[PDB]
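Going line by line, the protein sequences match chains C and S. Take 19 as the starting number for the first sequence in our numbering and just add one per residue. Take 19 as the starting number for the second sequence in our numbering and just add one per residue. Heads up, the beta-carbon is just placed ideally off N, CA and C, and yes, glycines get one too.
There are 2 protein chains.
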Amino acid sequence: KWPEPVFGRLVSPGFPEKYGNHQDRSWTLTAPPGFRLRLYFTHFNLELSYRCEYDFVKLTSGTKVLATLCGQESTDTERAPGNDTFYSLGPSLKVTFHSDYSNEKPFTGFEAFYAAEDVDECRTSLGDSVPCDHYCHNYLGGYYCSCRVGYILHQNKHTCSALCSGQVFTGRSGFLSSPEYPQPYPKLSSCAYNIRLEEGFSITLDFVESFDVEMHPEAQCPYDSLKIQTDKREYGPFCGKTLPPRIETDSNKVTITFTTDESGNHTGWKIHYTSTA
Amino acid sequence: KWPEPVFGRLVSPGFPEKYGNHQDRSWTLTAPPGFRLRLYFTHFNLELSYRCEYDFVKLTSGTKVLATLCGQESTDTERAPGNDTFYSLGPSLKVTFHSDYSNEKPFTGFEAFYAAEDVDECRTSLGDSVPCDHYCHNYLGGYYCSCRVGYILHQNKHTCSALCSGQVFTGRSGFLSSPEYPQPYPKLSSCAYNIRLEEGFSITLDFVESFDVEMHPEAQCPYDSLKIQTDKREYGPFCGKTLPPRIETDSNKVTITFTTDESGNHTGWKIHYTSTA
Ligand SMILES: *[C@@H]1O[C@H](CO)[C@@H](O)[C@H](O)[C@H]1NC(C)=O
Ligand SMILES: *[C@@H]1O[C@H](CO)[C@@H](O)[C@H](O)[C@H]1NC(C)=O
Ligand SMILES: [Ca+2]
Ligand SMILES: [Ca+2]
Ligand SMILES: [Ca+2]
Ligand SMILES: [Ca+2]
Ligand SMILES: [Ca+2]
Ligand SMILES: [Ca+2]
Numbered sequence: 019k020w021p022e023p024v025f026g027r028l029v030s031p032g033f034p035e036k037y038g039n040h041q042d043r044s045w046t047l048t049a050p051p052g053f054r055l056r057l058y059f060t061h062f063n064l065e066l067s068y069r070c071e072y073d074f075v076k077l078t079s080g081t082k083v084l085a086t087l088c089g090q091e092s093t094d095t096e097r098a099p100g101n102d103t104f105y106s107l108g109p110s111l112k113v114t115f116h117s118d119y120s121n122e123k124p125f126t127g128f129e130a131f132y133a134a135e136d137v138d139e140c141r142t143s144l145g146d147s148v149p150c151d152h153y154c155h156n157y158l159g160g161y162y163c164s165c166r167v168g169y170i171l172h173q174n175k176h177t178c179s180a181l182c183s184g185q186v187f188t189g190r191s192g193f194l195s196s197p198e199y200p201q202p203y204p205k206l207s208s209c210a211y212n213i214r215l216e217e218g219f220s221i222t223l224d225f226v227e228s229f230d231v232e233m234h235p236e237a238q239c240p241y242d243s244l245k246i247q248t249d250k251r252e253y254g255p256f257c258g259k260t261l262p263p264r265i266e267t268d269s270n271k272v273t274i275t276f277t278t279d280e281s282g283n284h285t286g287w288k289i290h291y292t293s294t295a
Numbered sequence: 019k020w021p022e023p024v025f026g027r028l029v030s031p032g033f034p035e036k037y038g039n040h041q042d043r044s045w046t047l048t049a050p051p052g053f054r055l056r057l058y059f060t061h062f063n064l065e066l067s068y069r070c071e072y073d074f075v076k077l078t079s080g081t082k083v084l085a086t087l088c089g090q091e092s093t094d095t096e097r098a099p100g101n102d103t104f105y106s107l108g109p110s111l112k113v114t115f116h117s118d119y120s121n122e123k124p125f126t127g128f129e130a131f132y133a134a135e136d137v138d139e140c141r142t143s144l145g146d147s148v149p150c151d152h153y154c155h156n157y158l159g160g161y162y163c164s165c166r167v168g169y170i171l172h173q174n175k176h177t178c179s180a181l182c183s184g185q186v187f188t189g190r191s192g193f194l195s196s197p198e199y200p201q202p203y204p205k206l207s208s209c210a211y212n213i214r215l216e217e218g219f220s221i222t223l224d225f226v227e228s229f230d231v232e233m234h235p236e237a238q239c240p241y242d243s244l245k246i247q248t249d250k251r252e253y254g255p256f257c258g259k260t261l262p263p264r265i266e267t268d269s270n271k272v273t274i275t276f277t278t279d280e281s282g283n284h285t286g287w288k289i290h291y292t293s294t295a
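Below, the structure written as structure tokens:
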């Protein structure tokens with residue numbers, strides 16, 4: 019559908035000769051998705067007038083008026099292109115030439131050259147939001163993203179969900195924490211921790227260093243959910259910014275599930291588990 | 019033939035797990051003509067050894083060995099990629115992974131991402147030669163060139179030949195010169211000047227300000243030829259760096275042809291023609 023590259027040349031009527039009066043002309047340049055248009059002038063010589071009302075070349079991209087060019091050299095109220103480069107917003111750019119009823123001097127019009135180039139969606143905005151969560155990979159006509167080690171790309175193909183499940187503890191004591199603790203825990207992750215001991219023991223849980231899981235002031239914990247499910251009962255969900263109290267379970271088996279939503283920079287939780295008999 | 023964009027992912031055997039011993043592997047990435055390949059690593063952790071003889075990832079583009087990467091962080095004799103970006107020479111790039119018989123530590127190998135990007139043939143080399151004579155226009159997978167006003171693109175589609183022919187002088191006196199005089203005259207141009215007066219007059223030719231047409235020390239004027247053809251005889255070809263003597267023709271018609279080759283920065287000639295009866 020777009021097998022050939024997009025480029026070309028635009029000229030005022032009669033170029034390189036003098037352009038006429040009462041002329042109205044336009045070119046609509048379109049590129050494939052993922053591309054934008056780059057336009058520049060090899061030649062520009064038009065009638066100068068206030069706000070370029072008489073003769074002009076107008077570059078519009080969508081509803082935006084990218085440029086209104088007149089004259090030979092720019093003023094405080096008029097712009098001439100010179101060696102400037104004009105980039106379309108999106109894969110289309112419209113160029114309109116208009117001339118009024120008269121020319122005092124024999125103005126020779128314009129010559130411009132355009133070409134489609136790739137958009138780099140992985141650009142470093144130095145202040146704005148970036149497409150993908152971890153690694154951004156740009157290619158001609160598109161982009162895609164990937165994640166660091168320990169993650170898999172979410173269904174939305176941008177978020178990096180943590181490989182947080184899979185941990186099984188058979189030891190008498192130990193530590194388990196939210197992913198990347200004490201650094202902010204990842205987004206859209208479903209982490210399941212298992213603790214399985216022999217039939218004689220009971221497991222004790224201690225929230226130890228810092229607790230900070232996203233919380234709403236009215237609804238309690240609709241964003242990120244830390245639940246503790248044993249054999250006797252279940253505990254939670256836990257949310258907030260202070261250490262939850264000690265949990266003396268009467269069981270030898272306990273599963274801790276921790277789910278996260280798509281936003282937040284909360285630093286998470288850490289649990290030291292012990293056991294007695 | 020190349021309807022889809024070129025991009026992809028490369029990993030060491032077993033990534034993200036430990037890579038094995040006695041492994042030999044390679045990927046040959048190819049882009050369409052006009053494109054080159056851009057490769058970078060999201061992950062790199064290999065065995066360090068002198069000149070990366072034991073384990074390595076080698077980037078070769080043609081006969082050139084672009085890189086030989088080992089270890090975690092670079093040394094005086096070994097290189098590790100880090101965040102560096104590697105560009106192929108031409109539309110192909112080969113990547114070779116090799117591992118020897120043993121690994122002391124559990125090295126986790128590499129992850130790399132590549133994509134085809136356009137070559138900008140119109141680049142500003144800041145010292146080298148530029149593709150086209152006047153204006154260079156880059157597009158995806160290629161380039162083309164154009165000329166200033168007064169020129170047409172030569173058959174070779176790079177050189178700008180001057181629209182130098184077409185001038186006819188009916189006046190009693192006047193000036194004709196090589197194109198762009200006193201600036202160096204263009205290349206591969208065939209310029210014909212005509213001087214046509216009434217039957218009663220004879221035309222006088224004066225080489226006036228400066229003469230500088232390309233000349234060979236043995237063969238006289240095989241590069242650029244300035245010939246003067248009247249009704250009685252012909253004069254020339256003229257070449258060299260000094261003003262030719264006055265030419266009193268006995269005719270009312272004279273054609274001056276001036277042809278140029280594909281190189282040279284010689285400033286040209288200027289002729290003031292007069293006439294009497
Ligand atoms: C504009 O570009 C041309 C080359 O295409 C160059 O000769 C000229 O110097 C440039 N003008 C400026 C102000 O850089
Ligand atoms: C390498 O790139 C990553 C982003 O992909 C960035 O986090 C890291 O700081 C970069 N390293 C350096 C030394 O710039
Ligand atoms: Ca006008
Ligand atoms: Ca892109
Ligand atoms: Ca959250
Ligand atoms: Ca090894
Ligand atoms: Ca190109
Ligand atoms: Ca020459």
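Quiz item: CB-CB under 6 Å to C/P204, same chain, minus the five flanking residues each way: which ones, in chain order?
Solution: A180, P197
Exercise. Check the Cβ-Cβ distances between C/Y241 and every residue of chain S, and say whether any is below 8 Å.
Key: no
Exercise. Output, in chain order, the set of chain C residues within a Cβ distance shorter than 7 Å of S/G127.
Key: Per Cβ cutoff of 7 Å: no residues; S/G127 is ~11 Å from chain C at best.
Quiz item: Just reading off the beta strand (DSSP E) that S/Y72 is part of, what are its end residues?
Solution: From DSSP, S/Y72 is part of no beta strand (DSSP E); its letter is neither H nor E.
Quiz prompt | Rounded C-alpha distance that separates S/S147 from S/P255 | solution = 31 Å
Quiz item: So the beta strand (DSSP E) C/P255 belongs to, where does it begin and stop?
Solution: 252-256
Quiz item: Can a CB atom of chain S be found closer than 8 Å to the CB of C/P263?
Solution: no
Quiz item: Is any heavy atom in ligand 1 found nearer than 7 Å to the beta carbon of C/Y132?
Solution: no
Quiz item: Taking any heavy atom of ligand 4 as the mark, which residues have a C-beta closer than 7 Å to it, listed down the chain?
Solution: C/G52, C/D136, C/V137, C/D138, C/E139, C/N156, C/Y157, C/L158, C/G159, C/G160, C/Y161
Quiz prompt | Pick from S/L144, S/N121, S/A98, S/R166 that is closest to C/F128, judged by C-alpha positions | solution = S/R166
Quiz item: Does at least one heavy atom of ligand 3 sit under 7 Å from the Cβ of C/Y72?
Solution: yes
Exercise. Measure the C-alpha to C-alpha separation of S/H40 and S/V113 and round it to an integer number of angstroms.
Key: 17 Å
Self-check item: residue 5 of chain S, DSSP secondary structure in three states
Solution: Outside the displayed span of chain S (19 to 295) sits residue 5 of chain S, for which this structure offers no information.
Quiz item: So S/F128 is in the beta strand (DSSP E); what residue range does that whole segment cover?
Solution: 127-136
Quiz item: Is the CB of S/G32 under 8 Å away from at least one CB in chain C?
Solution: no
Quiz prompt | Anticipated Cβ contact below 8 Å, C/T248 with C/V272, distance rounded | solution = 5 Å
Practice problem: Could you tell me whether any non-hydrogen atom of ligand 5 is closer than 7 Å to the CB of C/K205? | Solution: yes
Practice problem: To the nearest angstrom, report how far apart S/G52 and C/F62 are at their CA atoms. | Solution: 30 Å
Practice problem: Kindly list, in the order they appear in chain S, the residues whose Cβ is closer than 7 Å to that of C/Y119. | Solution: Residues of chain S passing the Cβ test: none, with the nearest at roughly 26 Å.
Quiz item: Relative to the C-alpha of C/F229, which residue among C/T260, C/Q201, C/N212, C/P202 is closest?
Solution: C/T260
Self-check item: 9 Å Cβ cut-off: residues of chain C touching S/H61
Solution: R166, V167
Practice problem: If I'm right that C/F187 touches C/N212 with Cβ under 8 Å, what's the distance once you round it to whole angstroms? | Solution: 7 Å
Self-check item: Contact test: S/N63 Cβ vs ligand 2 heavy atom, cutoff 7 Å
Solution: no
Quiz item: Less than 8 Å separating the beta-carbons of S/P34 and S/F59?
Solution: no
Self-check item: Other residues of its chain near C/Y169: CB distance less than 6 Å, five sequence neighbours each side excluded
Solution: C178, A180
Quiz item: In the structure shown, what three-state DSSP assignment does S/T86 receive?
Solution: strand
Exercise. Can you check DSSP and say which residues form a bridge with S/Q185?
Key: S/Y211
Quiz item: So, using beta-carbon positions, are S/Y132 and S/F25 closer together than 8 Å?
Solution: yes
Quiz item: When the Cα atoms are used, what is the spatial distance from C/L66 to C/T126?
Solution: 13 Å
Exercise. Would you identify the three-state DSSP class for C/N39, choosing helix, strand or coil?
Key: coil
Quiz item: Which residues in chain S sit within 8 Å of C/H155, going by Cβ to Cβ distance?
Solution: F25, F131, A133
Quiz item: Is S/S117 near ligand 6, in the sense that its beta carbon is under 7 Å from a heavy atom of that ligand?
Solution: yes
Quiz item: Helix or strand or just coil, what does DSSP make of C/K112?
Solution: strand
Practice problem: Return yes when the Cβ of C/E236 is within less than 8 Å of the Cβ of C/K245, no when it is not. | Solution: no
Exercise. Tell me whether C/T285 sits in a helix, a strand or coil according to DSSP, three-state version.
Key: coil
Exercise. Go to C/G52, then tell me how far its beta strand (DSSP E) extends in each direction, as first and last residue.
Key: Per DSSP, C/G52 belongs to no beta strand (DSSP E) and is neither H nor E.
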